């Protein structure tokens, strides 16, 4: 049993809810919250900007030190950093950004990072301002992630379309 509440069960391991991931993280304090990161860990907008704002910019300060030491992530890659006030850990995962022309086949590689963690609170990778089709992102998630994933979908209209169209 875990603390996640109000989710619709899509599969054995994937759950979904219309929720603000920031508000969900603050309530649950999950072991892992996933950030929709870019390779520079520049948390300007979308999910990343919202998570970073909720940490009072501490996520960005930590991320800048990580990049200064290690250099940029790979598209499809990840790193584990602090979850600050939101979670124990933040798994920063880089899905491909269609608005930068990145290979959508890298979305499966991005979701494979989730398999290193038994339970996660996450957004749909490459959705929102990353430009991918969220229906596609949910299909790749279900077909790639084997660990238990709780997906937060900010937009109620999109949530209802994801559920209604789910195969």
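Numbering follows the first chain given and starts at 1.
In this entry, the higher average B-factor at the C-alpha atoms falls on 19 to 27, of the pair 19 to 27 and 146 to 154.
For the two regions 98 to 106 and 47 to 55, the entry's Cα B-factors average higher over 98 to 106. Residue 62: CA B factor in the lowest third of modelled residues in this chain (values from the PDB entry).
In the PDB entry, residue 88 places in the highest third of its chain by CA B-factor.
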